[PDB]
>>> print(open('target.cif').read())   # mmCIF, C-alpha atoms and all ligand atoms
data_coords
#
loop_
_atom_site.label_atom_id
_atom_site.label_comp_id
_atom_site.auth_asym_id
_atom_site.auth_seq_id
_atom_site.Cartn_x
_atom_site.Cartn_y
_atom_site.Cartn_z
CA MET A 2 6.05 -13.74 12.75
CA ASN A 3 6.48 -14.57 9.07
CA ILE A 4 8.48 -11.88 7.35
CA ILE A 5 7.38 -12.62 3.81
CA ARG A 6 4.13 -13.61 2.24
CA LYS A 7 4.67 -14.82 -1.31
CA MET A 8 1.72 -14.05 -3.49
CA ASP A 9 -0.33 -17.06 -4.52
CA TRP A 10 -2.68 -15.63 -7.17
CA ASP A 11 -4.86 -18.73 -7.11
CA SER A 12 -5.45 -18.23 -3.34
CA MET A 13 -7.33 -14.96 -3.86
CA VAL A 14 -10.85 -14.76 -2.51
CA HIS A 15 -13.52 -13.34 -4.79
CA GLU A 16 -15.41 -10.62 -2.98
CA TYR A 17 -16.94 -7.30 -3.99
CA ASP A 18 -16.96 -8.75 -7.51
CA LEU A 19 -13.15 -8.68 -7.66
CA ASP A 20 -10.31 -10.98 -6.66
CA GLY A 21 -8.56 -10.04 -3.44
CA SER A 22 -5.70 -11.02 -1.18
CA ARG A 23 -6.30 -9.51 2.25
CA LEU A 24 -3.35 -8.41 4.37
CA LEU A 25 -4.96 -9.66 7.57
CA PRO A 26 -4.83 -11.90 9.39
CA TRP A 27 -1.05 -12.10 9.57
CA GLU A 28 0.15 -13.62 12.81
CA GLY A 29 2.40 -11.25 14.71
CA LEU A 30 1.57 -8.26 12.51
CA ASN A 31 0.05 -5.31 14.33
CA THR A 32 -1.25 -2.56 12.07
CA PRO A 33 -3.66 0.36 12.54
CA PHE A 34 -5.09 -0.34 9.05
CA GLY A 35 -6.38 -3.15 6.94
CA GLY A 36 -5.38 -3.84 3.33
CA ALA A 37 -5.86 -5.93 0.25
CA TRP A 38 -4.32 -6.53 -3.13
CA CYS A 39 -7.25 -6.40 -5.58
CA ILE A 40 -7.67 -7.38 -9.20
CA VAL A 41 -10.57 -6.28 -11.35
CA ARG A 42 -10.58 -8.79 -14.19
CA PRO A 43 -10.74 -7.71 -17.85
CA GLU A 44 -14.13 -6.31 -18.91
CA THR A 45 -15.58 -6.44 -15.41
CA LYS A 46 -16.49 -4.00 -12.64
CA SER A 47 -16.40 -4.25 -8.84
CA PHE A 48 -19.27 -4.05 -6.33
CA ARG A 49 -20.41 -0.53 -5.42
CA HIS A 50 -20.40 0.32 -1.72
CA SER A 51 -19.81 3.03 0.82
CA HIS A 52 -18.58 3.19 4.40
CA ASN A 53 -17.50 5.30 7.39
CA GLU A 54 -13.97 3.92 7.17
CA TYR A 55 -11.17 5.91 5.46
CA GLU A 56 -9.72 4.26 2.38
CA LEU A 57 -6.76 4.80 -0.05
CA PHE A 58 -6.20 3.01 -3.40
CA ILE A 59 -2.65 2.65 -4.73
CA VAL A 60 -2.97 1.80 -8.42
CA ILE A 61 -0.52 -0.92 -9.39
CA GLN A 62 -1.06 -2.04 -13.01
CA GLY A 63 -3.49 -1.58 -15.88
CA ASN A 64 -6.21 0.96 -16.53
CA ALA A 65 -9.59 1.56 -14.99
CA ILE A 66 -12.20 4.11 -14.10
CA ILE A 67 -12.81 4.78 -10.43
CA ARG A 68 -16.39 6.03 -10.13
CA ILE A 69 -16.88 7.98 -6.91
CA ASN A 70 -20.40 9.31 -6.43
CA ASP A 71 -20.95 9.37 -10.17
CA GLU A 72 -17.69 11.32 -10.86
CA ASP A 73 -15.28 9.26 -13.02
CA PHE A 74 -11.53 9.19 -12.41
CA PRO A 75 -9.43 7.39 -15.02
CA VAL A 76 -6.45 5.81 -13.34
CA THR A 77 -3.32 3.87 -14.12
CA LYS A 78 -0.04 2.70 -12.51
CA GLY A 79 1.17 5.01 -9.78
CA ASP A 80 -2.01 6.95 -9.24
CA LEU A 81 -3.41 7.40 -5.75
CA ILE A 82 -7.06 7.75 -4.93
CA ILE A 83 -8.65 8.79 -1.65
CA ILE A 84 -12.13 7.41 -1.17
CA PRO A 85 -14.16 10.11 0.58
CA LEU A 86 -15.96 9.02 3.71
CA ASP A 87 -19.35 7.53 2.91
CA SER A 88 -18.94 7.99 -0.83
CA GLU A 89 -20.24 5.28 -3.15
CA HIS A 90 -17.36 3.79 -5.06
CA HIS A 91 -16.51 1.07 -7.47
CA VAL A 92 -13.94 0.18 -10.14
CA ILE A 93 -14.65 -0.26 -13.85
CA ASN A 94 -12.20 -2.17 -15.99
CA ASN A 95 -13.27 -1.89 -19.64
CA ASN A 96 -9.88 -3.13 -20.85
CA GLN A 97 -8.39 -6.43 -21.93
CA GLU A 98 -5.83 -6.61 -19.14
CA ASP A 99 -6.15 -7.16 -15.40
CA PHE A 100 -6.43 -4.02 -13.28
CA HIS A 101 -4.46 -4.23 -10.05
CA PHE A 102 -4.62 -1.92 -7.04
CA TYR A 103 -3.88 -2.07 -3.32
CA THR A 104 -6.46 -0.73 -0.90
CA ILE A 105 -5.66 0.41 2.62
CA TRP A 106 -8.53 1.26 5.00
CA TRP A 107 -8.59 2.58 8.56
CA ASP A 108 -10.71 4.25 11.19
CA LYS A 109 -10.77 5.20 14.85
CA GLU A 110 -11.48 1.61 15.83
CA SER A 111 -8.60 0.11 13.85
CA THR A 112 -6.15 2.69 15.12
CA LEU A 113 -7.17 2.35 18.77
CA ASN A 114 -7.01 -1.41 18.44
CA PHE A 115 -3.42 -1.16 17.21
CA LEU A 116 -2.53 0.93 20.29
CA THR A 117 -4.39 -1.43 22.61
CA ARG A 118 -2.66 -4.52 21.24
CA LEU A 119 0.70 -2.86 21.62
CA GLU A 120 0.05 -2.09 25.25
CA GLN A 121 -1.10 -5.65 25.90
CA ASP A 122 2.08 -7.03 24.36
CA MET B 2 -9.16 17.57 -0.34
CA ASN B 3 -7.93 16.46 -3.78
CA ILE B 4 -9.30 12.97 -4.33
CA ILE B 5 -6.76 11.88 -6.96
CA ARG B 6 -3.03 12.34 -7.25
CA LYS B 7 -1.82 11.31 -10.67
CA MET B 8 1.67 9.90 -10.57
CA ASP B 9 4.22 12.26 -12.01
CA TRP B 10 7.13 10.00 -12.89
CA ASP B 11 9.14 13.13 -13.71
CA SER B 12 8.91 14.37 -10.09
CA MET B 13 10.44 11.51 -8.06
CA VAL B 14 12.78 12.53 -5.22
CA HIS B 15 16.03 10.60 -4.72
CA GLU B 16 16.43 9.39 -1.15
CA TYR B 17 17.66 6.20 0.50
CA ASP B 18 19.58 5.47 -2.76
CA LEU B 19 16.29 5.01 -4.66
CA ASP B 20 13.80 7.28 -6.44
CA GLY B 21 10.58 7.83 -4.52
CA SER B 22 7.24 9.59 -4.34
CA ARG B 23 6.00 10.15 -0.79
CA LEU B 24 2.34 9.97 0.10
CA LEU B 25 2.55 12.89 2.51
CA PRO B 26 1.94 15.73 2.62
CA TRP B 27 -1.54 15.56 1.12
CA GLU B 28 -3.82 18.40 2.19
CA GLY B 29 -6.91 17.02 3.86
CA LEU B 30 -5.67 13.45 4.13
CA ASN B 31 -5.50 12.16 7.68
CA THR B 32 -3.71 8.83 8.00
CA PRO B 33 -2.11 6.91 10.87
CA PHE B 34 0.75 5.84 8.53
CA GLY B 35 3.19 7.25 6.02
CA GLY B 36 3.91 5.88 2.60
CA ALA B 37 6.00 6.05 -0.50
CA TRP B 38 6.18 4.62 -3.99
CA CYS B 39 9.80 3.54 -4.47
CA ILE B 40 11.86 2.65 -7.51
CA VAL B 41 15.19 0.86 -7.14
CA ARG B 42 16.92 1.44 -10.46
CA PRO B 43 18.61 -1.39 -12.43
CA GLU B 44 21.80 -2.84 -10.96
CA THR B 45 21.58 -0.83 -7.78
CA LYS B 46 20.77 -1.30 -4.11
CA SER B 47 18.98 0.97 -1.67
CA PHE B 48 20.28 2.53 1.60
CA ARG B 49 20.49 0.11 4.52
CA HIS B 50 18.82 1.34 7.69
CA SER B 51 16.86 0.30 10.73
CA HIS B 52 14.27 1.96 12.92
CA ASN B 53 11.82 1.60 15.80
CA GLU B 54 8.95 2.19 13.38
CA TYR B 55 6.87 -0.56 11.80
CA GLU B 56 7.12 -0.92 8.02
CA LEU B 57 5.83 -3.13 5.25
CA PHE B 58 6.62 -3.39 1.58
CA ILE B 59 4.12 -4.18 -1.18
CA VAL B 60 6.05 -5.43 -4.22
CA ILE B 61 4.69 -3.88 -7.42
CA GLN B 62 6.95 -4.61 -10.40
CA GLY B 63 10.20 -6.37 -11.23
CA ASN B 64 12.43 -8.59 -9.16
CA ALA B 65 14.71 -7.95 -6.22
CA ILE B 66 16.38 -9.51 -3.24
CA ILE B 67 15.29 -7.99 0.06
CA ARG B 68 17.92 -8.58 2.71
CA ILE B 69 16.67 -8.36 6.26
CA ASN B 70 19.48 -8.66 8.75
CA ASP B 71 21.53 -11.61 7.40
CA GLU B 72 18.73 -13.24 5.40
CA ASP B 73 17.93 -12.85 1.69
CA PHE B 74 14.35 -12.92 0.41
CA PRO B 75 13.81 -13.00 -3.37
CA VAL B 76 10.68 -11.01 -4.21
CA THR B 77 8.43 -10.34 -7.15
CA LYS B 78 5.09 -8.70 -7.87
CA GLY B 79 2.45 -9.37 -5.27
CA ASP B 80 4.80 -10.30 -2.46
CA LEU B 81 4.46 -8.57 0.90
CA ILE B 82 7.34 -8.12 3.33
CA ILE B 83 7.18 -6.98 6.95
CA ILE B 84 10.30 -5.19 8.14
CA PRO B 85 10.85 -6.30 11.77
CA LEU B 86 11.47 -3.54 14.26
CA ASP B 87 15.08 -2.49 14.48
CA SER B 88 16.11 -4.81 11.65
CA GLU B 89 18.59 -3.55 9.08
CA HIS B 90 16.89 -3.67 5.70
CA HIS B 91 17.67 -2.74 2.11
CA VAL B 92 16.63 -3.75 -1.46
CA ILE B 93 18.93 -5.24 -4.18
CA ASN B 94 17.97 -4.99 -7.84
CA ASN B 95 20.31 -7.07 -10.01
CA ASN B 96 18.16 -6.81 -13.12
CA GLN B 97 17.81 -4.57 -16.11
CA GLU B 98 14.30 -3.45 -15.21
CA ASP B 99 13.27 -0.98 -12.52
CA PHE B 100 12.05 -2.53 -9.25
CA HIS B 101 8.94 -0.86 -7.86
CA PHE B 102 7.48 -1.28 -4.38
CA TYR B 103 5.26 0.70 -2.01
CA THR B 104 6.29 1.14 1.60
CA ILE B 105 3.88 1.84 4.45
CA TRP B 106 5.29 2.78 7.88
CA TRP B 107 3.67 3.55 11.19
CA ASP B 108 4.23 3.78 14.93
CA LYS B 109 2.59 4.89 18.14
CA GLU B 110 3.27 8.53 17.32
CA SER B 111 1.76 8.42 13.80
CA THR B 112 -1.32 6.61 15.06
CA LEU B 113 -1.89 9.00 18.01
CA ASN B 114 -1.39 11.95 15.71
CA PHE B 115 -4.14 10.62 13.42
CA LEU B 116 -6.48 10.38 16.43
CA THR B 117 -5.56 13.83 17.70
CA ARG B 118 -6.14 15.47 14.33
CA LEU B 119 -9.46 13.70 14.03
CA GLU B 120 -10.55 15.12 17.36
CA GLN B 121 -9.40 18.58 16.31
NA NA C 1 -1.03 -10.01 -16.68
NI NI C 2 -14.42 0.67 0.01
NI NI C 3 12.75 1.42 6.55
#
>>> encode(input="target.cif", output="structure tokens", more="lines below")
Ligand code: NA
Ligand code: NI
Ligand code: NI
Amino acid sequence: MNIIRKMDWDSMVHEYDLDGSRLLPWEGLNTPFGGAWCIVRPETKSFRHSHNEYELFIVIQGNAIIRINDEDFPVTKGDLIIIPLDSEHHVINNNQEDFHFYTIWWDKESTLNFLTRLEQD
Amino acid sequence: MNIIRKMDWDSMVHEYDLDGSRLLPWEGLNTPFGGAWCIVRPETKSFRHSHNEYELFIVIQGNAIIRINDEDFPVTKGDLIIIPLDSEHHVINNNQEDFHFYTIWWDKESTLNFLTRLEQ
């Protein structure tokens, strides 16, 4: 397995109205979670959704509002946000600078699949 | 469960020759992994170790050399590093700016414990 993935910012895939770099796939990497580096561009907002899966945001750079079920959480570098199960959430970047965060998501399926793949190896 | 934890840069805990802020404990948060926000201060290196637990680094700010066994990997913001099992790893910051990264680690135990707590 590759040890390092150098970030190529131009390789990001636009989804959920933001620019992302998904962790997976990564050949040889077995994780019980998924992840992505996400950028909400200046004066934009991301796509509102909700889901059964657990999710954590690690705020990397810039400033934004995380709206979770119509409660607003201002955030900046270093802050951690838990996304409650099935809550509607999106990210609002009213500022002039890119807003960066890493999301990690997981559930029973992803965890069991990690354990299953280990046993198969 | 508190939804948000604002970073308190005044409350880092020195460990592994770096200044960190661990994810856990967090009342009400059930995860199959552990985590920490880590700062390697200017002109320092972190504590070299190895372990039978999986780990990855998400590089947040600054520049460093990550040495994994006998191999050097220059890193900067956005880079991701997987720490191979039982590899000796540490971080070298030769620069005048703090080096920030997030580490996520996991293993069979942490994943099973997540499942067990869920079921409870
Ligand atoms: Na920038
Ligand atoms: Ni989500
Ligand atoms: Ni380690």
>>> residues_around(input="target.cif", residues="residue B:95", least_positions_apart="4", cutoff="12 Å", atoms="all atoms listed in the file", output="ChimeraX atom specification")
/B:41-47,63-67,75-76,99-100
>>> residues_around(input="target.cif", residues="residue A:31", least_positions_apart="3", cutoff="10 Å", atoms="all atoms listed in the file", output="list in words")
residues 25, 26, 27, 28, 34, 114, 115, 116, 118 and 119 of chain A; 55 of chain B
>>> residues_around(input="target.cif", residues="residue A:91", least_positions_apart="4", cutoff="10 Å", atoms="only C-alpha atoms", output="list in words")
residues 17, 18, 46, 47, 48, 49, 50, 51, 66, 67, 68, 69, 70, 71, 73 and 84 of chain A
>>> residues_near_ligand(input="target.cif", ligand="ligand NI 3 (chain C)", cutoff="12 Å", atoms="only C-alpha atoms and all ligand atoms", output="number ranges by chain")
B: 16-17, 35-37, 39, 47-58, 67-69, 82-92, 103-107
>>> write_last_selection(input="target.cif", atoms="C-alpha atoms", output="PDB file, keeping the file's coordinate frame")
ATOM      1  CA  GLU B  16      16.430   9.390  -1.150  1.00  0.00           C
ATOM      2  CA  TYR B  17      17.660   6.200   0.500  1.00  0.00           C
ATOM      3  CA  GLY B  35       3.190   7.250   6.020  1.00  0.00           C
ATOM      4  CA  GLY B  36       3.910   5.880   2.600  1.00  0.00           C
ATOM      5  CA  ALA B  37       6.000   6.050  -0.500  1.00  0.00           C
ATOM      6  CA  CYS B  39       9.800   3.540  -4.470  1.00  0.00           C
ATOM      7  CA  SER B  47      18.980   0.970  -1.670  1.00  0.00           C
ATOM      8  CA  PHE B  48      20.280   2.530   1.600  1.00  0.00           C
ATOM      9  CA  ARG B  49      20.490   0.110   4.520  1.00  0.00           C
ATOM     10  CA  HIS B  50      18.820   1.340   7.690  1.00  0.00           C
ATOM     11  CA  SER B  51      16.860   0.300  10.730  1.00  0.00           C
ATOM     12  CA  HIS B  52      14.270   1.960  12.920  1.00  0.00           C
ATOM     13  CA  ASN B  53      11.820   1.600  15.800  1.00  0.00           C
ATOM     14  CA  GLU B  54       8.950   2.190  13.380  1.00  0.00           C
ATOM     15  CA  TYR B  55       6.870  -0.560  11.800  1.00  0.00           C
ATOM     16  CA  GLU B  56       7.120  -0.920   8.020  1.00  0.00           C
ATOM     17  CA  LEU B  57       5.830  -3.130   5.250  1.00  0.00           C
ATOM     18  CA  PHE B  58       6.620  -3.390   1.580  1.00  0.00           C
ATOM     19  CA  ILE B  67      15.290  -7.990   0.060  1.00  0.00           C
ATOM     20  CA  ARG B  68      17.920  -8.580   2.710  1.00  0.00           C
ATOM     21  CA  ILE B  69      16.670  -8.360   6.260  1.00  0.00           C
ATOM     22  CA  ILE B  82       7.340  -8.120   3.330  1.00  0.00           C
ATOM     23  CA  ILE B  83       7.180  -6.980   6.950  1.00  0.00           C
ATOM     24  CA  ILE B  84      10.300  -5.190   8.140  1.00  0.00           C
ATOM     25  CA  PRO B  85      10.850  -6.300  11.770  1.00  0.00           C
ATOM     26  CA  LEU B  86      11.470  -3.540  14.260  1.00  0.00           C
ATOM     27  CA  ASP B  87      15.080  -2.490  14.480  1.00  0.00           C
ATOM     28  CA  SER B  88      16.110  -4.810  11.650  1.00  0.00           C
ATOM     29  CA  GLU B  89      18.590  -3.550   9.080  1.00  0.00           C
ATOM     30  CA  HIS B  90      16.890  -3.670   5.700  1.00  0.00           C
ATOM     31  CA  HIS B  91      17.670  -2.740   2.110  1.00  0.00           C
ATOM     32  CA  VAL B  92      16.630  -3.750  -1.460  1.00  0.00           C
ATOM     33  CA  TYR B 103       5.260   0.700  -2.010  1.00  0.00           C
ATOM     34  CA  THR B 104       6.290   1.140   1.600  1.00  0.00           C
ATOM     35  CA  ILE B 105       3.880   1.840   4.450  1.00  0.00           C
ATOM     36  CA  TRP B 106       5.290   2.780   7.880  1.00  0.00           C
ATOM     37  CA  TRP B 107       3.670   3.550  11.190  1.00  0.00           C
TER      38      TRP B 107
END
>>> closest_residue(input="target.cif", among="B:109, B:118, B:78, B:101", to="ligand NA 1 (chain C)", atoms="all atoms listed in the file")
B:78
>>> interface_residues(input="target.cif", of="chain B", to="chain A", cutoff="7 Å", atoms="only C-alpha atoms", output="list in words")
residues 4, 5, 6, 7, 8, 33, 61, 79, 80, 81, 82, 83, 84, 109, 112 and 116 of chain B
>>> atom_distance(input="target.cif", atom1="atom CA of residue B:110", atom2="atom CA of residue B:2")
23.4 Å
>>> atom_distance(input="target.cif", atom1="atom CA of residue A:120", atom2="atom CA of residue B:114")
17.0 Å
>>> atom_distance(input="target.cif", atom1="atom CA of residue A:92", atom2="atom NI of ligand NI 2 (chain C)")
10.2 Å
>>> residues_near_ligand(input="target.cif", ligand="ligand NA 1 (chain C)", cutoff="9 Å", atoms="all atoms listed in the file", output="list in words")
residues 62, 63, 98, 99 and 100 of chain A
>>> closest_residue(input="target.cif", among="A:95, A:64, A:12, A:53", to="ligand NI 2 (chain C)", atoms="only C-alpha atoms and all ligand atoms")
A:53
>>> closest_residue(input="target.cif", among="A:36, A:94, A:44, A:122", to="ligand NI 2 (chain C)", atoms="all atoms listed in the file")
A:36
